[PDB]
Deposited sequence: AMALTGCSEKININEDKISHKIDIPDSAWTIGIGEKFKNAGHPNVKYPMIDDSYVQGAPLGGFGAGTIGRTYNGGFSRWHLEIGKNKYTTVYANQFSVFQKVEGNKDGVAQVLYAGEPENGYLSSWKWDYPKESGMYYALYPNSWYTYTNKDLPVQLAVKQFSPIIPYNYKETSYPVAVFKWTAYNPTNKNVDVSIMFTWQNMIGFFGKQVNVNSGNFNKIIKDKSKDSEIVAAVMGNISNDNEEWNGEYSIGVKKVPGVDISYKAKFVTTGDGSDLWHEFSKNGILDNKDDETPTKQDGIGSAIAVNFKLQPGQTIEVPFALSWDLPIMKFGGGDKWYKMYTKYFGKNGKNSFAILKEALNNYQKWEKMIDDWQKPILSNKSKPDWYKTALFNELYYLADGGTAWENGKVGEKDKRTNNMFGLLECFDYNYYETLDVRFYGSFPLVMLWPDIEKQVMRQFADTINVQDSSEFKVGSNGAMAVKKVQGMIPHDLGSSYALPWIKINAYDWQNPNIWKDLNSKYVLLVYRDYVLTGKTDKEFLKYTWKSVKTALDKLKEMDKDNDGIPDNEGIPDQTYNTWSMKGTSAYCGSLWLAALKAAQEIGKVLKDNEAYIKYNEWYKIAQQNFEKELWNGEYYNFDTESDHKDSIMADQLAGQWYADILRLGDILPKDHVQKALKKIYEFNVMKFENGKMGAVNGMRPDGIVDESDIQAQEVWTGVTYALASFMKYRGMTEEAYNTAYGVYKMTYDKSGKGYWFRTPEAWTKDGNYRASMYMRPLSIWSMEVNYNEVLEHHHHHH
């Protein structure tokens, strides 16, 4: 490996061998069907709301999130980079697809598949990833840096449906070597969204954009239809000329054939036919190819950028609504703009690399933080793009001021912005894209007094329940299978209108968003204030026994949606106390004296009673009325955690909080698989895991990272990082269970999982507060 020195990969990048088999992978631990796409994954490409494409560490374009809200795992084998090399003085060169695998059927059988093991590495530090190719049969060593321009405090380039592939080639040998790099792409119009005739009308064209000191050559893969539908638009691939390279292309090869129409050209001398052909296809799949060829002298390096764009302007949801995607603000809505997007990337990628470096540098340069922590911190952000992210720029046929936004809970539980989960998972948005965060919270504010008296069948028990109660915050803002933003509470497994945590978490999120954006946005507090007061006032009515605290009802009525709480719980009770304190402070800011006094009165009574009911001398009891009320809950002081972040001070005595956190570390972490897998949710005082429910026996990744941040703020630095380390290890390490780029909600002691690709572990960003 002599190519690594010619590029700059951070030491904190996650690494794996190209073609590496992983032996220890986990699988779902639930009885019913659950997504398991395997460990062959990688960092995604594509902006927020753009649809994303997961290119895996083996080189394949395999995890397709282009249909917004859906996860489709299938390798489109025509989509590849390939290499040709010939040493000066040899009769023949060698050609190789850079993919550690082969197609399942006979399509593309002429191509040289099965990139060998132990011949290259994949690296990832989201939004960047890299491949290096160090192969005994390839005298010139190659590397690529691939990324999309995901940039904090930037709402423009961050939306773009584009990826850059910056290639570096170096000749460490004593002979001249001819080299070619070829990007192939299938015309994927009709891959989704088209009910019949899936390839019909697809056609490919070549664009040559020549100006002074700029030559771009690109293929635009589209359809003859000018119809404005979810399925129609364009893909583009292309390259920018640099000194010392020549460009060749092939506009049309058949992907539903043996591929030799292309490969006989590339494998001879690495130079394509430059054959244009705009003939539309009928049944055959078609694709395009863009190649560069160059001679490297001994010791010579060359850099060449390729790009990929996709202009699919319309997203459709299962309920029928069609919306324009955010990037259409910048490029247009007609779906004929893929070249413009590609050109912007090829002309500006060096600026974008610097912008990414600028935001990563403050963390990467901090030598007090271990590299493993940086691996997790950056790579967990994959989910912001990969979480079915929807970001609208108008309803088709509709202009408003704002652009509504949603991130999925996950794909198994297909709900937008699940509030009990975003309480943990929304940290990156408030910290790095706060204008999105505030928009999402205003979306929630607008739902507070919505009433839908129509009744739905509750999945868990078969009871009938009212859809949406006035004054209760919704569980979610809809499902991609139905109508995001329009039809809230798509979740029907239980009735969220009786949950005891949603209204408090809502208030805490509002005050968080004010505090973490500088305590300057009084307009945001003004917009949300009525909903905050309504939310707390409705929750107060659920206090049955008049201790000042809402009562959990002994049926799941909070985020731990099978682990029943009854009476006053540490979890909902502490969240309530913190929400009351937050509302007091908002009252002071907005000069609402009567609100300040009322919430101060409620707070003093509830605080007193919480302490009396739950403090046992070592920790806070799980609740007052359950069978295992003395269980040690990892999340017992969630309200105090948020109070620390919101700078609301002590809601509980410092000594008692410190004792509780120490107990949690000693028990839920260190007595669970030697503290190497995170914090188990529930532990009995005798040091054995609480078996009352499956959720008590699970580690929740997002709960554990949040707990780590709580410990960190309280000065328990070693405990904080040790606690988080088990989550990193299970996710990313060779000794873990292979969950990179699909961090799950939970695992059990055997390491098997529930709900891969989950929003909650974005809570790791709470460690950067």
_Missing C-alpha coordinates: which residue stretches of the deposited sequence does that apply to?_
1 to 15, 414 to 415, 787 to 799
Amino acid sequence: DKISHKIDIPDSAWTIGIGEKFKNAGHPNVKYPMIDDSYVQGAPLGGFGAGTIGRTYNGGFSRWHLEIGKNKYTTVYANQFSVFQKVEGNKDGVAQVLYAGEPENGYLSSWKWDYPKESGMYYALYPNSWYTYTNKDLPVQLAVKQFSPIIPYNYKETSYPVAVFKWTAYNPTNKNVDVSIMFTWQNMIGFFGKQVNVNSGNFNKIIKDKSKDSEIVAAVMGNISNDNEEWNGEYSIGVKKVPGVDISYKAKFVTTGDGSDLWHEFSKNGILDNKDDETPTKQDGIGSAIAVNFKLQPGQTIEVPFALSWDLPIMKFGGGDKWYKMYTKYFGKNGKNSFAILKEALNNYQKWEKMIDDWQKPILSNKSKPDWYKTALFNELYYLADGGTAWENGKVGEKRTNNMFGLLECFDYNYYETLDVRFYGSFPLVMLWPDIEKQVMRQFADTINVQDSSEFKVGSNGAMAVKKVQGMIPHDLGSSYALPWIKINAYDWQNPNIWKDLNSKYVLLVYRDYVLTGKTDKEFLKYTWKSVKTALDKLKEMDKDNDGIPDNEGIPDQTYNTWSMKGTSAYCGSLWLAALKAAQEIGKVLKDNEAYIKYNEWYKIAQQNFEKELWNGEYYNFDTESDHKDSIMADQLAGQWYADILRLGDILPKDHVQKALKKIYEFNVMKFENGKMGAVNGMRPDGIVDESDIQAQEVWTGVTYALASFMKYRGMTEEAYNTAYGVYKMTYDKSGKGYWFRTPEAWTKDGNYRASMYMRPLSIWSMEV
From here on, numbers count along this sequence of modelled residues.
*Return whichever of 22 to 30 and 726 to 734 has the greater mean Cα B factor according to the PDB record.*
22 to 30
*Which is higher on average in the deposited entry, the C-alpha temperature factors of 368 to 376 or of 268 to 276?*
268 to 276
*Which listed residue, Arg422, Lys487, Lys329, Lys208, has the largest C-alpha temperature factor in the record?*
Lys208
*Among the candidates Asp635, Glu353, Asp258, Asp137, give the one with the maximum CA B-factor reported in the record.*
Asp137
*In terms of the CA temperature factor given in the entry, to which third of its chain does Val769 belong: lowest, middle or highest?*
highest
*Ranked by Cα temperature factor within the chain, is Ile664 in the lowest third, the middle third or the highest third?*
middle
*Going by the entry, which third of its chain does the Cα temperature factor of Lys395 land in?*
highest
*Which third of the chain holds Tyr160 when residues are ordered by C-alpha B factor: lowest, middle or highest?*
lowest
*In terms of the CA temperature factor given in the entry, to which third of its chain does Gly639 belong: lowest, middle or highest?*
middle
